[PDB]
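Here's the structure, in structure tokens; my notes come after.
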Amino acid sequence: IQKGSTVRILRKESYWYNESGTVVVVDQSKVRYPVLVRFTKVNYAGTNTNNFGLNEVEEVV
Amino acid sequence: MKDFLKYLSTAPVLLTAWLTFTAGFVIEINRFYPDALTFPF
Amino acid sequence: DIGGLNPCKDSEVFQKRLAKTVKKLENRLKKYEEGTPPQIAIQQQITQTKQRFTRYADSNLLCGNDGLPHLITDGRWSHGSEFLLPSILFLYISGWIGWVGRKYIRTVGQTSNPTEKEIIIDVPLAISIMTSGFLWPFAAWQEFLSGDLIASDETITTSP
Amino acid sequence: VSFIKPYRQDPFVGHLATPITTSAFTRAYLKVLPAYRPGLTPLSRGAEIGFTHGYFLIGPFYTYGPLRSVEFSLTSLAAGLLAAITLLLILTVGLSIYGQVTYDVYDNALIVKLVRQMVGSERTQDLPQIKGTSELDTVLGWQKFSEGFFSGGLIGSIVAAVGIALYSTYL
Amino acid sequence: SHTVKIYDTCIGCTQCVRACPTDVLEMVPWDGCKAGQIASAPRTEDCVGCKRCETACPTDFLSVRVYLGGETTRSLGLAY
Amino acid sequence: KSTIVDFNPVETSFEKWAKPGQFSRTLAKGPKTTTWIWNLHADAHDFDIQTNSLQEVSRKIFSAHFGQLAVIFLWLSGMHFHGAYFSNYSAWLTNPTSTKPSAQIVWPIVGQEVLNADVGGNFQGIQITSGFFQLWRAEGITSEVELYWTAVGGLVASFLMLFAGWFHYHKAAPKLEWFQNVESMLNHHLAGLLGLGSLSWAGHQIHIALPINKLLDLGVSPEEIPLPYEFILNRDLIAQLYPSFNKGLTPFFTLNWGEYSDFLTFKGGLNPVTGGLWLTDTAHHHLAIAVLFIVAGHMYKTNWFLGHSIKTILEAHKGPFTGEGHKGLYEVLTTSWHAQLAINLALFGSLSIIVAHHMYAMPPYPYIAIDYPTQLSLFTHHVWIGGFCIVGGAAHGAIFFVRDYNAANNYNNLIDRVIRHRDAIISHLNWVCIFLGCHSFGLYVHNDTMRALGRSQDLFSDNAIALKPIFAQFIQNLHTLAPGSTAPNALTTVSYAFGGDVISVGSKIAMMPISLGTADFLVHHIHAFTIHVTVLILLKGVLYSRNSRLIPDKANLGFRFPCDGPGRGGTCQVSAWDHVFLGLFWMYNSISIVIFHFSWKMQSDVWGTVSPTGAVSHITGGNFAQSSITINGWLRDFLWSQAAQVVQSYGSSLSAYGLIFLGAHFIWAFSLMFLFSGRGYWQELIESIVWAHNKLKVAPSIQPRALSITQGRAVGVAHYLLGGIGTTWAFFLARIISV
Amino acid sequence: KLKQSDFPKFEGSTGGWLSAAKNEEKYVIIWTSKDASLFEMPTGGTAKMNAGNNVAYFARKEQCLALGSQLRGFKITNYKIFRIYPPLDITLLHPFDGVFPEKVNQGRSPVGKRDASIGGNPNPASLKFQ
Ligand code: CLA
Ligand code: CLA
Ligand code: CLA
Ligand code: CLA
Ligand SMILES: CC1=C(C/C=C(\C)CCC[C@H](C)CCC[C@H](C)CCCC(C)C)C(=O)c2ccccc2C1=O
Ligand code: SF4
Ligand code: SF4
Ligand code: SF4
């Protein structure tokens, strides 16, 4: 995955679970949740972006 | 008349116009053929 | 006949109801003068009451012991104009409404600002979609066949 | 001039020095009441409070009870007296249980000094803490207060019944 | 006293700490995020349960979670 | 480049009409959830958060006032047009005591033509309870052409006010200094508006209403009554009815005002022909009011070395108990629109309630006292408006405290000292509310349980333990003795309610001494208790709007917020808005009890018919005195008994009242869904509904969200008020029109 | 006029502490101000600062912290909050390590940190009878 890639959220406790988002940036450092994904639908708190782990996102073909 | 027509395209104005038209043709059907309990055919 | 009911054309209580309503309207008519608009309105009321009662009598309508038309909605085509034909009419109209709404939602859902086009309707596109709903039974059973009617697993689910 | 100032020069207390909280009339009037009158044992305070309370408590029961009489009736007076005495008994029961669950002290104004001087490294709330230094704030003090309230209530109710009978008969 | 837990989804944006009305949360060094900081809850005895901390949380399902528990005069917000 | 106005501040364009939410910084970005739609209407008139300049807020408020006055003028024009075209006003003029006023006819669709009632005068329509016919008769309007011309003038005036609002927002908007001339504004509103309006109305009454109504009462038919302009051009048509116009204005300018006693009287009582106040008394009243208000308008210093400065008056009113006194109040009321709105709305609602009382107490219109539906409707409507306006004044006081209150500018003044001891105020008001409720309501419950136990001599009744309102009876005696003793130039008491003779017009009672007994004592103390509890809720909201022991920084959360959280044991509804919500509920309770008391007392002990020999028979028969002292009595002899007309209205011309009765019950019960439930359940149900929509690819882009907590409360209270008030509306109208 | 010279010029409000902050605990906030600014008390109304040492007593930690948050608007930062038990048992509370909790300071250990997201919490049925 990279910037601009489309991924499916696999985190169950997510307002965008099973949904598709756009990767903003994948951090190359040793952070726990490097993948930053932007969504079109705001969550219940109003935010439309979140940091996800490498195993919590699945790239769409 | 470019933004006025866009204002008329807003949800409230369009809903009011559509519901006014809808109530209008319903009321006029019930005026011209009143007391219709069953299908006319 | 069906359910112990009898046709309203032979229901004495139905004619009693008609006679009582007409008598009340005429008694009301007595307290006004000449061809004044109140008398014209009451006379129109009497005429409409008589026409409605006559139409209900000659309508294959079954009346109970209260002299009121009862609806036979078990499904028989004999009393098909009471429920079945209005049912078909409503199903057509409501399917039209739902189809045009869904088509508009899916059409402006692929534009740059989908949310803007929901409070400020694209009246040209809206008119284009709305008059295309007359084929909603055919369009629905042409999009379901192609798998374009139902989502599969992109739909979101709660934690459990 | 200003007649409202912070209480005892403390602007952070939830209180004010108004012409009612800290007026000379308020001071004297509250210092002549049995609850705060100096030189009274807790039994005496209870006795005076009970006397006054039974005296004014027999009134409403006798006047407006279920057995009233526009004339003087011994049955009405007896009913009012019994109702007042039973209400005093209920109040005494409340006083007794309140004192039972509130205090654990037999001699106050000392234990506070003892634990402020000789240390109080114990389960606290009996050695340390201790709210109030009055003799009414002890197990013994409150027990005698309740006893006095109860006895004085009986005596005052009887006295008020006698006075009511005399007023209704000889006037 | 209530229970406050911090989860490694913390991005160290400090919005929880500066929203706590009773000084329960604080920012401590960390190496699990870009900011190098994570929220901590070392003074939960002062936690009142108002949940302002998690109203300011930007992470998806929160990184600070408040579990209401036993009540205390501090946790009940009793000035009396 | 005028010194009072700014020229062409805002361009007249339709561009912003196509951008909803442009006023708000947060809503301008566009909707993302359905909460945006509701936030759009909740912030439309909150001009404080739309601009950071007091000048812009003031200009918006000024133009909004113009729009509101245009709406009011359009409404009045519609009323006059309906009177002119769809009314039986001409027939009612010739028979006021036997024709029911109707000014709305109903089209014959879906069988709704049954609503056209037999109002009389060869007319069919809905009976009118707004009293416009009596008002028009008091104005001297004797033809429907005059009503048409008044409607045309109302339309022209409405257009003029619309143009004024547009002009003063877009072409010449006044500056802040112009708005802050409170001395000049008070001078003008007191002299020009009030005094000159009273003077102009006195002139109209004297020259038009006095002669026309005198001719009408004399039996002259409206067709042979001269046109109103002829009473001005001809000094002989009015000098025959009032033989004092023959002297002209010479007695006025020669201080010989005694000559004008023909048409400027001081009589009191009611006109025996019409049952209303003497219109000569009304004209004299308006003249005196005009002079008093014109004099009162020359008080404040505006542009000369003459008059008062409100700042100097307030700053001099200090005291030992009040510290700095009124210092800073002038700055508060000249820099905060919310404080002015609070004061004006509270006094305006109180004025509306006072108007409602004085209306039925002293009927000011001809043939309005014998139109019981009109009297009941006017009283109930004005009391409802007063209660709503009072709650609004409390709400805007709380809003001022949250938003526009500056602690530095109010050091040790009255506002500061009130906040400093808010605990004492609220605790003592709590004790008073408990005392009043315990007493009033528990006396009611004691009466109920004594009656249920078969102990009739133990009640708080007149034939039992009696609570005579001696203070009110003393006042009643003082007023009935006033003419000749304390008002020596009066011929009759101000109102026959205080005592006197039974005034009947056409065998129908207009006014009659309202006896006060133990039943009135209990209901008056119920009124006091309900008013005190409403004041408690609203004052607790205002005083604790900024901080408390629970939330020391409640002002940082704003005026409108749902809570601070489930902590502290739970901090629901701590806002100040949530206090205007509960206060709205309690105002509904209080006003409902007030109007119930009025309806039952009037029907039972004032209204009715008078026999030719002088025997008075009332609508219900005096059951108020003995059966209004128990809750079962209120349930049975008032609610159950007088609800008979509403439930039996089906098939009649009052069937609309039964339908509205049922619909208002439905709406009131509907409110309880929002009042009892919470947002989380509805959000989680919307989650499954959204799942279904996504499964069918029909999920809207604007994400559907459940109504916010504050909006849920607002919807609940609005539906509750609408349902309850509509139920009482239908009940009252059907009952008082049937009988 | 007042018990101590460092008290803010407050006229006293019936919203201050009660019998609780005489036998359970009381909170004191101290700060130094350059100007005698007029500020709003967390309990009642308006008080006046001292051009120097200022000391205020409250019944809750939240009240002291609300006052401190208000002080930040006056560019006052050195405010410090203490807890006083029934006797003179003073404990510094708010600037616990001298640095505000919003700024990271070395020497702080994470308290209440779980090395997983919310979804990793154990099922309640496995946490029965412990
Ligand atoms: C117009 C598009 C549209 C379509 C195709 C559907 C379709 C559906 N809705 Mg639905 N809904 C809509 C609009 C729509 N809804 C709107 C606007 C609302 C808000 C009031 C709801 C609220 C709603 C609820 C609360 C529920 C559904 C449910 C359902 C499902 C069962 C059918 C039903 O109960 O009808 C429900 C229909 C209504 C309650 C009335 C809808 C209001 C109007 C008629 C629709 C709006 C018309 C729109 C303005 C047209 C504009 C298009 C034009 C610009 C071209 C079905 C998937 C149910 C479900 O999940 O079952 C599986 C359910 O519980 N819907
Ligand atoms: C004698 C002079 C005079 C008169 C009669 C009025 C009358 C009024 N003012 Mg006003 N005002 C005046 C002087 C005057 N003012 C001055 C000198 C100032 C500056 C300090 C203001 C500042 C002011 C503000 C800021 C506001 C008012 C408002 C109002 C209205 C209150 C609403 C009401 O009671 O409805 C009664 C309504 C009527 C009786 C309808 C007829 C009234 C018409 C419009 C005559 C108005 C007189 C007008 C000043 C003449 C100017 C004409 C122009 C060509 C120069 C009322 C129309 C409020 C309002 O509603 O705004 C519109 C409002 O917000 N005034
Ligand atoms: C002179 C009168 C007046 C004025 C100028 C204002 C002005 C204001 N009020 Mg206010 N208010 C008033 C009277 C007034 N109010 C009264 C009498 C009450 C007591 C109920 C309140 C209670 C109140 C609260 C509780 C709040 C305000 C708020 C506000 C501000 C924003 C208003 C807004 O955007 O609403 C826009 C308009 C609407 C949202 C309309 C809503 C529709 C209403 C609720 C239903 C009406 C139904 C109607 C009767 C028809 C029903 C019939 C049915 C059959 C359909 C604004 C400064 C709010 C604020 O934030 O202030 C800063 C706020 O929180 N006011
Ligand atoms: C019938 C229902 C009902 C009743 C009885 C009350 C009663 C009361 N409300 Mg209310 N309230 C109600 C519905 C009701 N409310 C609803 C629906 C709402 C929603 C908006 C509210 C919202 C509300 C607010 C927001 C407030 C109140 C307040 C009050 C109190 C006013 C003080 C008073 O009179 O106390 C006296 C008690 C009574 C009159 C109740 C009856 C007591 C009897 C008659 C006498 C004593 C009986 C005796 C002790 C029985 C002993 C025997 C028993 C042990 C077996 C009172 C307790 C205010 C408050 O807190 O008090 C100051 C206040 O601020 N209420
Ligand atoms: C039902 C309900 C909802 C859900 C309600 C919603 C989503 C409102 C939906 C309104 C629709 C979409 C528009 C209104 C449709 C009406 C038919 C229009 C009103 C009728 C006119 C005559 C005015 C909440 O969000 C809520 C929040 C807090 C407490 C209680 C509740 C609550 O009870
Ligand atoms: S509840 Fe949330 S906000 Fe309130 S203190 Fe505990 S953590 Fe900080
Ligand atoms: S709230 Fe979540 S994100 Fe904001 S700081 Fe505390 S932990 Fe980091
Ligand atoms: S949600 Fe309802 S309950 Fe939970 S905090 Fe906000 S208000 Fe109190």
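Convention: chains lettered A, B, ... in structure tokens order; per-chain residue numbering from 1; ligands numbered from 1 as shown.
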Contacts of ligand 6, 6 Å or closer, only C-alpha atoms and all ligand atoms, given as an MDAnalysis selection string: chainID E and resid 20:22 24:25 47:53
Surroundings of ligand 8 up to 8 Å, based on only C-alpha atoms and all ligand atoms, as a count of residues only: 14
At most 9 Å from ligand 7 (only C-alpha atoms and all ligand atoms): residue list as JSON, numbers by chain: {"E": [6, 7, 8, 9, 10, 11, 12, 13, 14, 15, 16, 17, 18, 25, 26, 27, 37, 38, 39, 40, 53, 54, 55, 56, 57, 58, 59, 60, 61, 62, 63, 64, 65]}
Compile the contact shell of range 31-46 of chain A as a short mmCIF file (atom, residue, chain, number, x, y, z; two decimals) with C-alpha atoms, in the first residue's frame: residues with an atom at most 7 Å away, counting only C-alpha atoms, same-chain residues fewer than 4 positions apart removed.
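part_13.cif was written with the following content:
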```
data_model
loop_
_atom_site.label_atom_id
_atom_site.label_comp_id
_atom_site.auth_asym_id
_atom_site.auth_seq_id
_atom_site.Cartn_x
_atom_site.Cartn_y
_atom_site.Cartn_z
CA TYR A 15 -16.87 3.48 11.98
CA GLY A 21 -10.85 4.51 2.21
CA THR A 22 -7.95 6.33 0.58
CA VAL A 23 -4.47 6.03 2.10
CA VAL A 24 -3.02 9.47 2.81
CA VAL A 25 0.46 8.36 3.92
CA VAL A 26 2.12 5.18 5.18
CA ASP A 27 4.71 6.07 7.80
CA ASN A 50 -7.80 7.70 11.14
CA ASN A 51 -4.50 5.87 11.57
CA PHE A 52 -4.60 2.12 10.97
CA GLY A 53 -2.12 -0.71 11.35
CA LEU A 54 -0.64 -2.67 8.48
CA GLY E 32 4.58 4.18 19.57
CA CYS E 33 3.53 7.26 17.59
CA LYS E 34 4.93 10.20 15.65
#
```
Contact residues (chain C, partner chain F, 10 Å, only C-alpha atoms) as a VMD selection string: chain C and resid 28 31 to 33 36 to 39 41 to 42 44 to 45 48 to 49 98 to 99 101 to 106 108 to 109 113 to 120 148 to 158
Residues of chain A within 9 Å of chain C, counting only C-alpha atoms, as a PyMOL selection string: chain A and resi 8+12-20
Using only C-alpha atoms and all ligand atoms, find each residue with an atom at most 7 Å away from ligand 2 and format the answer as a PDB file with C-alpha atoms, in the first residue's frame.
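result.pdb was written with the following content:
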```pdb
ATOM      1  CA  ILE F  61     -32.267  42.775  14.469  1.00  0.00           C
ATOM      2  CA  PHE F  62     -33.689  46.027  13.072  1.00  0.00           C
ATOM      3  CA  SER F  63     -34.426  44.477   9.677  1.00  0.00           C
ATOM      4  CA  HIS F  65     -38.216  43.638  13.314  1.00  0.00           C
ATOM      5  CA  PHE F  66     -39.308  45.211  10.039  1.00  0.00           C
ATOM      6  CA  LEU F  69     -44.073  43.935  11.444  1.00  0.00           C
ATOM      7  CA  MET F 161     -42.444  47.461   6.187  1.00  0.00           C
ATOM      8  CA  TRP F 178     -27.844  55.401  16.547  1.00  0.00           C
ATOM      9  CA  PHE F 179     -29.020  52.142  18.131  1.00  0.00           C
ATOM     10  CA  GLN F 180     -27.449  53.026  21.493  1.00  0.00           C
ATOM     11  CA  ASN F 181     -29.407  56.299  21.837  1.00  0.00           C
ATOM     12  CA  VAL F 182     -31.629  54.717  24.466  1.00  0.00           C
ATOM     13  CA  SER F 184     -33.778  59.321  22.399  1.00  0.00           C
ATOM     14  CA  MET F 185     -35.438  55.960  21.743  1.00  0.00           C
ATOM     15  CA  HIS F 188     -39.731  58.840  21.061  1.00  0.00           C
ATOM     16  CA  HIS F 189     -41.408  55.557  22.014  1.00  0.00           C
ATOM     17  CA  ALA F 191     -44.146  60.507  23.369  1.00  0.00           C
ATOM     18  CA  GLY F 192     -44.514  59.748  19.667  1.00  0.00           C
ATOM     19  CA  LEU F 193     -45.467  56.072  19.553  1.00  0.00           C
TER      20      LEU F 193
END
```
8 Å shell around ligand 3 using only C-alpha atoms and all ligand atoms, listed as a PyMOL selection string: chain F and resi 41-48+338+341+345+388-393+395-396+399+559-560+577-578+580-581+584+714-715+718+722
Shortest interatomic distance to residue 141 in chain F - which of F:98, F:617, F:2, F:90, counting only C-alpha atoms: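 Answer, going by the shortest atom-to-atom distance: F:90.
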Within 8 Å of ligand 5 (only C-alpha atoms and all ligand atoms), residues as a ChimeraX atom specification: /F:672-680,682-683,686,704-713,716
Atomic separation - CA of residue 422 in chain F relative to CA of residue 310 in chain F, Å: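 Spanning CA of residue 310 in chain F to CA of residue 422 in chain F is a straight-line distance of 27.3 Å.
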